[PDB]
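Protein chains in written order, with the authors' numbering: chain A, 4 to 18, 23 to 38, 42 to 79, 97 to 187, 245 to 271, 295 to 323, 330 to 508, 512 to 525, 541 to 567; chain B, 893 to 916, 920 to 936, 941 to 1003. The C-beta atom is built at its ideal place from N, Cα and C for all residues, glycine as well.
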Amino acid sequence: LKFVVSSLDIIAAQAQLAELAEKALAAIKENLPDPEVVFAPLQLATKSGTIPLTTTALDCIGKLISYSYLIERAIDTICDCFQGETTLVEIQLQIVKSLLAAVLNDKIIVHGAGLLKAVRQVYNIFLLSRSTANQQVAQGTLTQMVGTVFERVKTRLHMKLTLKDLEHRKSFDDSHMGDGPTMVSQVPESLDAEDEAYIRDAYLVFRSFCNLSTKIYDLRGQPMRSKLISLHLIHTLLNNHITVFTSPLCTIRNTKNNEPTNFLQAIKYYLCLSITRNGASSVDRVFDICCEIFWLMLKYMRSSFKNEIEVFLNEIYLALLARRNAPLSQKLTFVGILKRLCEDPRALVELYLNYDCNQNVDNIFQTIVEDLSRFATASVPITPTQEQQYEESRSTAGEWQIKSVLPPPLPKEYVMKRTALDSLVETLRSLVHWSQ
Amino acid sequence: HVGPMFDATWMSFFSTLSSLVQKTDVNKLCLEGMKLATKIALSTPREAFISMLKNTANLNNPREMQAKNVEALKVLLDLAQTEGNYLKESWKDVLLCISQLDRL
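Here it is as structure tokens:
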């Protein structure tokens, strides 16, 4: 179009390299150009890291991906343009913007290896930018593209025992099934092929984030920030697209059996592993986000996690409540989660029937209610102005919306007791509502 | 369907912590929790909660009431109004409260 000529002129002005640009311009003069003769000069221009040349080359590649179309090579070279923290800020920003333009467009929808590599690259710049603004914009682009992948999957759907035993219950086999680069599309079984491609893209993104989370102070360090962003992206995927996970229509072809299976069962092992080896940590933020994920699991996927919810509650969370030396921040966070649970009557009666009614399964509902009661008795504060401040410190029923956070770079006991008591009152209200 | 949970965890459990009304707000929703005594909507939970509500109403000892006692009496009267068919033998405590209230 209009921009390709200008970009080629700029790269020729910056100049071995130039002859490609003049050859491409001559080719356009006979108009519409050959994809290779325009791709090669930009690739050679971005092969070197300079101020004006690399940026315009990357921008031209990204904008040209938006039309016609090679795609694998363009994505690979755009990712390769980022050497690391040595690369200056503007080059990283241009790389991020070009990746966003390449992944996102009305037409040309890359599937398989290219999209996953682009997402991984954007995450890499987010992790190793060594610059606040570039990190922030990289995280924004990463979460936006991660959300829009599952948005595409949602549109396609719309138009359609102990803790150590959870390490090896890999129900779904995914031996090198992903990373199919050649798949790309624009704008009976014919539709199902594209649907399966989109499902595979979503599954590969989720698997990449699970592998990021399973890894393993310094909350601004690299591994901790990686774990935080992985967990937050997983939570965002569960929250903003819960209808994708819970929809039985959404299915994925198996690898070693080539049999369609429910998406939730395909990622059941990954999510369970992401909670088991990562929840109940000694750092507050990780435990908080893990509790968010577990609560989403408990409120929306009881049927597909009947045993795993039991294991989580018994070994991770209720054990945390029972511990006398357990941190109070984690206790208060999970008590807030319990209060969020108490408002749901179905999530209480199904929790009673599937767990307490069964003899072998350990008592769940009774013990969580007793744990709430134990918190609802002891009281440290005596000064009523603390009670007045807490009452003033009020902003309700748990309702869901878009969730996103940003890691760019009064007494706890009393509020915990009040939350426990309010959760018990909510439990009684929910029970009398379920009785009618 | 709450029947198993009616008798599983109420009689000697919920009254225990709801007897925090002896220490002071929180009293309002504690009384509201006592109001949610489901009388199989078998008699031990109803008897315990109604006895506790009558005791915290403290009608038989006037000139010692506060807003807490008035709220408890209001809750007990409302529970009598909205659940008449189910108090069964527990009506005696409600009528005792009414009679003592008549003495002002």
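Please classify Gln567 (chain A): is it buried, with 16 or more other beta-carbons within 10 angstroms of its beta-carbon, or exposed?
exposed
Counting beta carbon pairs with one atom in the stretch 542 to 558 of chain A and one in the stretch 442 to 455 of chain A, are three or more of them shorter than 8 Å?
yes
Quick check on this structure: which residue in A:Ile61, A:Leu115, A:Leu555, A:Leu120 has the alpha carbon closest to the alpha carbon of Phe906 (chain B)?
Closest by alpha carbon: A:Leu555.
Report the neighbours of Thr901 (chain B) on chain A: residues whose CB is nearer than 7 Å to its CB, in chain order.
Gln479, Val482
Determine whether the beta carbon atoms of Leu433 (chain A) and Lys543 (chain A) lie at a separation below 8 Å.
no
Could you tell me which residues DSSP pairs with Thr916 (chain B) in its beta bridges?
The secondary-structure analysis by DSSP pairs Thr916 (chain B) with nothing; it has no beta-bridge partner.
Using only the alpha-carbon positions, how far apart do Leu411 (chain A) and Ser343 (chain A) sit?
Going by the C-alpha atoms only, they are around 20 Å apart.
Sub-8 Å separation of residue 1 (chain A) and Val312 (chain A) beta-carbons
Here chain A has residues from 4 to 567 only, and residue 1 (chain A) is not among them.
Measure the alpha-carbon distance for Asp302 (chain A) versus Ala936 (chain B) and round it to whole angstroms.
50 Å
Report yes or no: is there a C-beta of chain A within less than 8 Å of the C-beta of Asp977 (chain B)?
It does not; no Cβ of chain A falls within 8 Å.
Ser269 (chain A), DSSP secondary structure in three states:
Strand, per DSSP.
8 Å contact criterion, which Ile98 (chain A) and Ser125 (chain A) should meet: CB distance rounded
About 13 Å; that fails the 8 Å criterion.
With C-beta atoms as the reference, is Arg307 (chain A) less than 8 Å away from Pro523 (chain A)?
Not closer than 8 Å, so no.
Leaving out five residues before and five after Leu11 (chain A) in sequence, what residues of the same chain have Cβ atoms less than 7 Å from its Cβ?
Take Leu11 (chain A), set aside five residues on each side of it, and the residues of its chain with a beta-carbon closer than 7 Å to its own are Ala28, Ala31, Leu32, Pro51, in chain order.
For a cutoff of 8 Å on Cβ pairs, would you count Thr490 (chain A) as touching chain B?
yes
Where do the N-terminal and C-terminal ends of the alpha helix (DSSP H) with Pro361 (chain A) fall, by residue?
It is not in any alpha helix (DSSP H) - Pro361 (chain A) carries neither H nor E in the DSSP assignment.
Tell me where the alpha helix (DSSP H) around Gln163 (chain A) begins and ends.
159 to 186
Is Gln148 (chain A) near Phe109 (chain A), with beta carbons less than 8 Å apart?
yes
Where does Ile323 (chain A) fall in DSSP's three states?
coil
Cβ of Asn420 (chain A) within 8 Å of Cβ of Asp475 (chain A)?
Remark: C-beta atoms of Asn420 (chain A) and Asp475 (chain A) do not approach each other more closely than 8 Å.
Determine the DSSP secondary structure at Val521 (chain A), reduced to helix, strand or coil.
coil
Please state the DSSP three-state secondary structure of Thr64 (chain A).
Correct three-state label for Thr64 (chain A): helix.
May I have the straight-line CA-CA distance separating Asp44 (chain A) from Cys317 (chain A), to the nearest angstrom?
41 Å
If you draw a straight line from the alpha carbon of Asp103 (chain A) to that of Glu372 (chain A), how long is it in whole angstroms?
32 Å
Where do the ends of the alpha helix (DSSP H) carrying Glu117 (chain A) lie?
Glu117 (chain A) -> alpha helix (DSSP H) spans 116 to 130.
Does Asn375 (chain A) come out as helix, strand or coil in the three-state DSSP assignment?
strand
Just to check, is the beta-carbon of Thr66 (chain A) closer than 7 Å to a non-hydrogen atom of the ligand GTP?
Ligands are entirely absent from the displayed structure, and the ligand GTP is therefore not among its contents.
Using only CA atoms, which one of A:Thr266, A:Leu250, A:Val399 lies nearest to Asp331 (chain A)?
The shortest Cα separation from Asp331 (chain A) among A:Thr266, A:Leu250, A:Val399 belongs to A:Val399.
Name the chain B residues that come within less than 9 Å of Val556 (chain A), Cβ to Cβ?
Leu924, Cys925, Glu927, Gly928, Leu931
Rounded C-alpha distance that separates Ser911 (chain B) from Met951 (chain B)
8 Å
Under 8 Å between C-beta atoms, does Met897 (chain B) make it to chain A?
Closer than 8 Å to some Cβ of chain A, the Cβ of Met897 (chain B) qualifies, so yes.
Tell me, please, whether the CB atom of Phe948 (chain B) is closer than 8 Å to any CB atom in chain A?
no
Limits of the alpha helix (DSSP H) - the one that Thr480 (chain A) falls within
Unbroken alpha helix (DSSP H) run through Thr480 (chain A): 478 to 488.
Can you list, in chain order, the residues of its chain whose CB lies under 8 Å from that of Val396 (chain A), leaving out five sequence neighbours each side?
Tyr330, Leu332, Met337
Pick helix, strand or coil for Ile136 (chain A), following the three-state DSSP scheme.
strand
From the beta carbon of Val974 (chain B), is the nearest beta carbon of chain E less than 8 Å away?
Absence of chain E from the displayed structure is noted, the protein chains being A and B.
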